[PDB]
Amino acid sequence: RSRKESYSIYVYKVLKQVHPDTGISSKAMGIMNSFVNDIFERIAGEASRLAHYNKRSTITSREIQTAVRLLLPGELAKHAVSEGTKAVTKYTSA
């Protein structure tokens, strides 16, 4: 028997942070997993093309950023860029 990875427990953690007294059905969790996987693929794919276009062999935080700008609508992209910049800063200092 083998194990199957999922984002479930990470989705759940994020849920309790925004709505501490709110639960989520397993069907709805399946949807969230599909969501996280889809956006991952979209962003990774775009970052991949960016690197190739510029003859780069490395995907860095810079590629992830341009990819996010290309893929997310205005305000969603603004906050996402800020959240991403924040996490990389705190990761540098820590």
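Residue positions are given as counts along the sequence shown, with the first one as 1.
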| item | value |
| --- | --- |
| Third of the chain's Cα B-factor distribution that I39 belongs to, per the entry | lowest |
| Within-chain third of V14 by Cα B-factor, per the entry | highest |
| Ranked against its chain, the third holding the CA B-factor of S48 | lowest |
| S61 CA temperature factor, ranked by third within the chain | middle |
